[PDB]
């Protein structure tokens, strides 16, 4: 993928945002911004130029499943890649996220190798 691709990393725990931002840097992606919940994320997205979203699920103000649905229903951003990264591991959560249009789903805790693999699977799927 394009190394200037602009990522938004969304999680209510700063620890996890830091993990994801550092992983992306190792992968050659330095154009990375953070948000603390779905509302904060939507505000950043509206400012424009984003090419990829990585999002938690459990967050105050707007949770990540609502964020994913909001993105998919909006004409300006409906095709935006969205990778879910969450501690929810039950099949019904995976199904609800997949059906709502998630590009990929990673269960926490995850390894560096798993994140890289799942990002690449999405790049290949979308011809990026």
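Numbering follows the first chain given and starts at 1.
Checked against the record, the higher mean CA B factor of 65-73 and 39-47 lies with 39-47. Of the two segments examined, 99-107 and 25-33, it is 25-33 that shows the higher average Cα temperature factor in the deposited entry. Compared with the other modelled residues of the chain, the Cα B-factor recorded for residue 19 ranks in the middle third. Sorting the modelled residues of the chain by their CA temperature factor places residue 113 in the highest third. Per the deposited record, the Cα B-factor of residue 59 falls in the middle third when ranked against the other modelled residues of its chain. Sorting the modelled residues of the chain by their CA temperature factor places residue 94 in the middle third. Among all modelled residues in its chain, residue 1 ranks in the highest third by Cα B-factor.
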